[PDB]
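See structure below.
4 protein chains.
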Amino acid sequence: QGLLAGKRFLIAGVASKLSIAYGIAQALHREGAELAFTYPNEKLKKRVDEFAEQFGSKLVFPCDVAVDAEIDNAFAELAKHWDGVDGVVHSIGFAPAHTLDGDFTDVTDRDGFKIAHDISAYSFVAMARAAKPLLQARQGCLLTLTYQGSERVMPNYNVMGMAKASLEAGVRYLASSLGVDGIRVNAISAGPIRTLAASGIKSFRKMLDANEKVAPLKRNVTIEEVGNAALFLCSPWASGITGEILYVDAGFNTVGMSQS
Amino acid sequence: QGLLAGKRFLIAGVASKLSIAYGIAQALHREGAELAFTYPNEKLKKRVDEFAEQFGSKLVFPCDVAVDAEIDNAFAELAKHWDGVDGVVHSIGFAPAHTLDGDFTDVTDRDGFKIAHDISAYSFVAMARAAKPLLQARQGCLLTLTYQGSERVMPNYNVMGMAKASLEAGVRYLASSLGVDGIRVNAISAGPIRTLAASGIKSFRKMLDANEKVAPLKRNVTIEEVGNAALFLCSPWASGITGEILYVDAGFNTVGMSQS
Amino acid sequence: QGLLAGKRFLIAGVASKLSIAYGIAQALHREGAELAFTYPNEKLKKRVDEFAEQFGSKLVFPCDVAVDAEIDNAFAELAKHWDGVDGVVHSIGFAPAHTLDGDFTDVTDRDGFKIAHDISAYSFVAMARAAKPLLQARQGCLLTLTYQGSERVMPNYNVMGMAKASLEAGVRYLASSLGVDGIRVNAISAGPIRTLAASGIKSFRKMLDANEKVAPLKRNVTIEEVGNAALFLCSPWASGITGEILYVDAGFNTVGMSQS
Amino acid sequence: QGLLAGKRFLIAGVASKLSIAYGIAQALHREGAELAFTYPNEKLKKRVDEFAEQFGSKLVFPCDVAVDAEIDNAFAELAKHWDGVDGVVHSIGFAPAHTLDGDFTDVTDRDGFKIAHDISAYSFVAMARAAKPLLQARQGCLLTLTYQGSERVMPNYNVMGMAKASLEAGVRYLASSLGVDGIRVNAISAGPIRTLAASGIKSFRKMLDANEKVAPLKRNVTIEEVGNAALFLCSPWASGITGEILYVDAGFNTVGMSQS
Ligand SMILES: NC(=O)c1ccc[n+]([C@@H]2O[C@H](COP(=O)([O-])OP(=O)(O)OC[C@H]3O[C@@H](n4cnc5c(N)ncnc54)[C@H](O)[C@@H]3O)[C@@H](O)[C@H]2O)c1
Ligand SMILES: NC(=O)c1ccc[n+]([C@@H]2O[C@H](COP(=O)([O-])OP(=O)(O)OC[C@H]3O[C@@H](n4cnc5c(N)ncnc54)[C@H](O)[C@@H]3O)[C@@H](O)[C@H]2O)c1
Ligand SMILES: NC(=O)c1ccc[n+]([C@@H]2O[C@H](COP(=O)([O-])OP(=O)(O)OC[C@H]3O[C@@H](n4cnc5c(N)ncnc54)[C@H](O)[C@@H]3O)[C@@H](O)[C@H]2O)c1
Ligand SMILES: NC(=O)c1ccc[n+]([C@@H]2O[C@H](COP(=O)([O-])OP(=O)(O)OC[C@H]3O[C@@H](n4cnc5c(N)ncnc54)[C@H](O)[C@@H]3O)[C@@H](O)[C@H]2O)c1
Ligand SMILES: Cc1c(CN(C)C(=O)/C=C/c2cnc3c(c2)CC[C@@H](N)C(=O)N3)oc2ccccc12
Ligand SMILES: Cc1c(CN(C)C(=O)/C=C/c2cnc3c(c2)CC[C@@H](N)C(=O)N3)oc2ccccc12
Ligand SMILES: Cc1c(CN(C)C(=O)/C=C/c2cnc3c(c2)CC[C@@H](N)C(=O)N3)oc2ccccc12
Ligand SMILES: Cc1c(CN(C)C(=O)/C=C/c2cnc3c(c2)CC[C@@H](N)C(=O)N3)oc2ccccc12
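Protein chains in written order, with our numbering: chain W, 6 to 265; chain X, 6 to 265; chain A, 6 to 265; chain U, 6 to 265.
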């Protein structure tokens, strides 16, 4: 009987044990919560399926946010199992890798632009919509994962900075739209962490050595710290907070410039 | 021989004499600038043609930013007449009217989302791409028109707030990509102004009366003030300014709350 | 002893049961923490003495933040009782009441400015300094209470918005200075709450009805919501968070404007 | 007959020809404006006299902003000569040198804190107060100089970041207070420039070499660019802009991190 004793949460975005969604579910489950999970397609089905079993869960549903139907169906199927929900966790983001390696103006084609904002920004809205009925039942909350690359230019993040900026806008518009139903909508601007989202980025290690050099805490954050922060926002202790972007980056965002 | 004696500028987004692009072109031409124009489709050709000649210009090219080819071709044809360019003004934006009338989570369908970010956000980048060669010739600048609904939730702006947030992020990513070539990329966060962008918005009228009550200057801004500010950002006096979001809103953005 | 099992915390700024520090101390003690308290002068001593005892504490020390000596003594005396500290909560703020009633520029005198910035902004730094030794012992954290009037113009806040702006800056400079010692420095930007800080503000009730009308959650925050958030920032779950300004305002900060 | 034909502006803060105030006066005077000048004390009197003489001005008044009388007197004396004013330029800032060399928590004593916010933050309000009557005559404007060190932690800026945060807050509270009378209150967040404000800072060259390495334009800004930007804000072209913090930093503020 911890903090989330009796609470339910759906965790979309578990791709590996390094995924941020993993540390969240772990932190949430640690406090007594019951978890549900989605996977983008069959290839991930079996992996997410027993990630669920780690958390005492057998609720694993296919949800490709690119498909409108999959979203509603994934929530249709979930309505079949659960009465309501105390929160939905959206840890999804993607852009064609070519748009993230090279010059912004060059690699940012129309299609690469379309994909980035659809999967990474609109999905949180489409999910929030399909998830709205179940969230109201328990005055649940909504949580997404953003990155300060929306507010500040990082090399090679490119259209993902545009997407995250759009996402952050959606959080405010969702929190404002869903605030009347007791549904808090918040986001976490988490520091850089080497997950499966770092594959293909040749500069990452230098970037990590760099973030380590600038962060006020002189270190990079972990999915546990992120998970605990997510755990808080999804908790009754975070009842008075909506539309907030919380920076779990070791204060990195607050530094103008560091010793050479 | 005024301030822009001998400078050239392409004005995309002139649809009538109310268009913000119109008040900008007015300010530029007033200071000796040379003007070129595009139109979204044939229906506007004769109207833009008519405005172009009004400013001593006969350079009018079809440019539907939804079409990749139309963008580059409009710039291909423009290269035939002009050597280089000192600045590109991006006053274009659009989202399906249904996505701008009603509840955010509800009315924001996937397609309305795609269109909003495509026409209003990606186009400035695609244009920025197609315009680079002419900009490099004269170390021109880039200017777009944003709205503070990206930073704060306004009713009925909905997916346009996500788009403008993406746009404003792109400005930073563009200014950073094109900064090594002397090309300044900036944006103006202009106060609300009753142009053809207000068609279909039933609440616009009350919205305008509100800004009037809150803006520190107790008034709404004009396309002249926006045009005069745009004229400046496109001017050598703004040489030490890139990636800047300039708020020409009579200070409304800086007010937390006003007398009841 | 749940989250704050075995932790010690000094709470300066307990003036009544409505004080934000009160709801904070409540949340901390609720989670098993041992509490210490300061009082500004003799008149409050017996109340703070009594306030400490409500939380199983008899460690009550005089701390007038205007006096450098009074500051250090309270921590000298505290050093006598406690080895180290897991966090210091700075819930202090003050400006001459005249500076908060009328137009900002008329009422903003030099001394009212001096007092406001002295007591409300420098105090967190002087305290952070005198408290540094005890924080290093346990790598404690620092927490202060800010107000969004620093980022946005509210009527009658006047020099307190300038002071809060300085304070919020100090948090970043403190978090960066004390971050190498494991001391996270954060702040909570709490929504408006009718505490003893509302005495003399004739407009409070209308303002409270206003935030109630604007906050996405359609309500005003409580010292419990504020206290729980402080509990988090003072908790190991907030280990990856420093220099952060956390908004416990029911998302009010995220609303550009709502139907009036 | 340029842009400021017939406009008057007072330039407080001219200490040398490198001072930002100098490049502004030059830019304003270049466009036909008439100039007045103050000096902090006797030692600078003859020097300010000489610069005023450069700009066709012999209006030089003693103004130590630390003395309330000097402020009002300087404006009393100025009111005698000029009818009204189209703008007041506040280019003053100071903090005890000891508070700007070392660790923030250490060197920030109570007095060093008092002085910094007094001279650098309160002066703009006291001057804005003493300047209000002359500004109303011509619907003048107010301009101050801020630094992004208020929003982000720079090494050794320390308490000056708190002051700049207060200063920047005052701009909004001033712009909001004076906006109803047509007086626009704005500020320029100018990049680092080696003026007489850099004396005693051993780290400057590395800091400057860094900004040069990070600034999107790969260069540092000049007082001419700042002066031209100030000229704009003090101009009718900036009529729709109040309470705005304009970043003349070569876009440096918009960069999260650069190639190592
Ligand atoms: N890794 C970082 O440094 C970082 C920092 C800040 C924010 N974020 C964001 O946090 C979120 C989680 O990233 P991560 O670190 O866990 O990497 P990850 O690859 O381990 O997890 C991201 C998940 O998005 C899923 N996904 C992608 N496309 C999908 C689709 N069409 N339908 C359904 N699911 C889809 C992926 O399957 C994956 O599980 C992302 O949005 C990311 O942008 C990441
Ligand atoms: N009108 C306001 O209140 C206001 C305030 C602040 C910012 N803005 C934004 O600044 C810009 C100024 O717009 P405006 O005031 O001149 O209104 P406007 O309607 O007159 O101009 C918008 C132009 O975008 C063009 N356009 C739309 N879709 C296109 C496409 N697929 N291809 C090519 N062109 C296309 C339209 O033809 C139009 O000329 C807009 O982006 C607007 O969102 C508007
Ligand atoms: N109530 C709100 O709406 C609100 C919202 C956001 C932030 N805050 C801030 O929270 C903090 C606590 O205020 P509150 O709302 O709990 O009201 P409060 O009156 O109960 O507490 C204010 C505290 O300021 C302390 N103080 C003042 N001068 C002092 C001195 N010279 N020496 C030592 N201590 C001194 C006092 O100990 C007092 O307890 C304030 O800084 C306030 O600005 C308040
Ligand atoms: N140097 C930069 O990079 C930079 C950038 C942005 C803003 N600023 C700030 O804007 C202003 C521009 O500074 P600068 O570059 O011209 O350096 P500067 O040293 O040449 O000018 C500072 C002036 O403030 C005057 N002054 C100091 N104390 C005073 C007092 N008690 N009363 C009256 N006057 C007093 C000084 O005499 C001096 O003329 C400063 O406040 C500065 O902090 C500086
Ligand atoms: C930091 C940082 C991140 C992590 N992060 C904040 C994200 O949101 C990550 C988005 C992201 C989306 N799509 C991707 C990839 C990543 C690469 C995985 C690959 N498998 C792929 O095809 N597509 O990504 C970066 C990219 C460039 C520069 C910096 C960063
Ligand atoms: C403010 C404000 C604006 C002006 N503004 C800042 C914009 O950027 C306006 C974008 C906008 C894009 N697409 C539109 C329309 C407008 C309506 C024209 C119609 N013809 C249409 O089909 N599509 O529009 C609003 C809409 C709803 C709520 C508030 C606002
Ligand atoms: C909101 C809001 C607050 C609460 N809050 C966020 C604060 O930070 C409160 C500061 C504050 C500082 N000093 C004060 C007082 C208040 C009045 C108590 C009295 N005892 C006094 O002498 N001095 O106060 C306001 C004042 C004017 C307008 C709005 C507000
Ligand atoms: C950058 C940067 C600046 C320039 N800048 C933006 C400012 O506003 C500088 C204000 C400033 C105020 N007071 C000062 C001094 C400067 C040193 C002159 C000396 N004579 C003194 O006693 N007092 O100053 C810095 C100080 C430390 C670290 C970095 C910087």
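Ideal Cβ placement from N, Cα and C applies to all residues, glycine included.
For residue i, the three-state DSSP class (helix, strand or coil)
i, result
"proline 67 of chain W", "strand"
"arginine 13 of chain W", "strand"
"residue 267 of chain X", "Outside the displayed range of chain X (6 to 265) lies residue 267 of chain X, so it cannot be described from this structure."
"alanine 20 of chain X", "coil"
"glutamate 39 of chain X", "strand"
"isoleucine 97 of chain U", "coil"
"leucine 49 of chain X", "helix"
"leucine 183 of chain A", "helix"
"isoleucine 25 of chain A", "helix"
"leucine 83 of chain X", "helix"
"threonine 110 of chain X", "helix"
"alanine 195 of chain X", "strand"
"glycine 92 of chain X", "strand"
beta-carbon residue i near ligand 5 non-hydrogen atom, thresh 7 Å
i, result
"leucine 49 of chain W", "no"
"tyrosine 162 of chain W", "yes"
Partner residues on chain A for residue i, Cβ-Cβ distance less than 7 Å
i, result
"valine 158 of chain X", "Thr259, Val260, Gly261"
"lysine 119 of chain U", "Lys119, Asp123"
Contacts of residue i in chain W (Cβ-Cβ under 7 Å)
i, result
"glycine 154 of chain U", "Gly261"
Nearest neighbour of residue i, chosen from the options [CA to CA]
i, options, result
"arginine 13 of chain A", "A/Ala255, A/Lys51, A/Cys239", "A/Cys239"
"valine 94 of chain U", "U/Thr43, U/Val253, U/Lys211", "U/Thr43"
"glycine 37 of chain A", "A/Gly61, A/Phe109, A/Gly7", "A/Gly7"
"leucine 83 of chain W", "W/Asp73, W/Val65, W/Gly98", "W/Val65"
"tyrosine 178 of chain X", "U/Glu217, U/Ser263, U/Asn233", "U/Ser263"
"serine 171 of chain A", "A/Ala126, A/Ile120, A/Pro45", "A/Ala126"
"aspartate 114 of chain W", "X/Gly89, X/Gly98, X/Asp77, X/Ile246", "X/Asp77"
Proximity test, residue i beta-carbon vs ligand 4 heavy atom, cut-off 7 Å
i, result
"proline 197 of chain U", "yes"
"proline 45 of chain U", "yes"
Interface residues of chain W facing residue i [CB-CB closer than 8 Å]
i, result
"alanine 215 of chain U", "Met262, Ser265"
Per-residue contacts from residue i into chain X (C-beta, under 8 Å)
i, result
"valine 90 of chain W", "In chain order: nothing, as chain X lies at least about 16 Å away."
Within chain U, the residues that residue i reaches when beta carbons sit closer than 7 Å
i, result
"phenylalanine 237 of chain X", "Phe237, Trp242"
"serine 194 of chain A", "Within chain U, no residue comes near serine 194 of chain A; the closest Cβ sits about 14 Å away, beyond 7 Å."
"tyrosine 252 of chain X", "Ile246, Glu249"
heavy atom of ligand 1 below 7 Å from residue i C-beta
i, result
"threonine 151 of chain W", "yes"
Cβ-heavy atom distance, residue i to ligand 6, below 7 Å
i, result
"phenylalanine 99 of chain X", "yes"
Beta-carbon neighbours of residue i, restricted to chain U and to distances below 8 Å
i, result
"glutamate 173 of chain A", "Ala170"
Ligand 8 heavy atom lying under 7 Å from the CB of residue i
i, result
"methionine 262 of chain W", "no"
beta-carbon residue i near ligand 3 non-hydrogen atom, thresh 7 Å
i, result
"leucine 15 of chain A", "no"
Contact list for residue i against chain A, beta-carbon separation under 8 Å
i, result
"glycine 184 of chain W", "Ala220, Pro221, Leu222, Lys223, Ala255, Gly256"
Interface residues of chain X facing residue i [CB-CB closer than 7 Å]
i, result
"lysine 50 of chain W", "Within chain X, no residue comes near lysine 50 of chain W; the closest Cβ sits about 24 Å away, beyond 7 Å."
Neighbouring residues, chain U, relative to residue i (Cβ below 9 Å)
i, result
"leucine 33 of chain X", "Here the premise fails: no neighbours, minimum Cβ distance about 12 Å."
Residue i CB to nearest heavy atom of ligand 2 below 7 Å
i, result
"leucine 23 of chain X", "yes"
For the region 207 to 258 of chain W, list the beta strand (DSSP E) runs that are entirely contained and at least 3 residues long, ordered along the chain.
Assignment of beta strand (DSSP E) within the region 207 to 258 of chain W, counting only whole runs of 3 or more residues, yields 250 to 253 in chain order.
Alpha helix (DSSP H) segments (min. 4 residues) lying fully within the region 119 to 188 of chain A
128 to 143, 164 to 183
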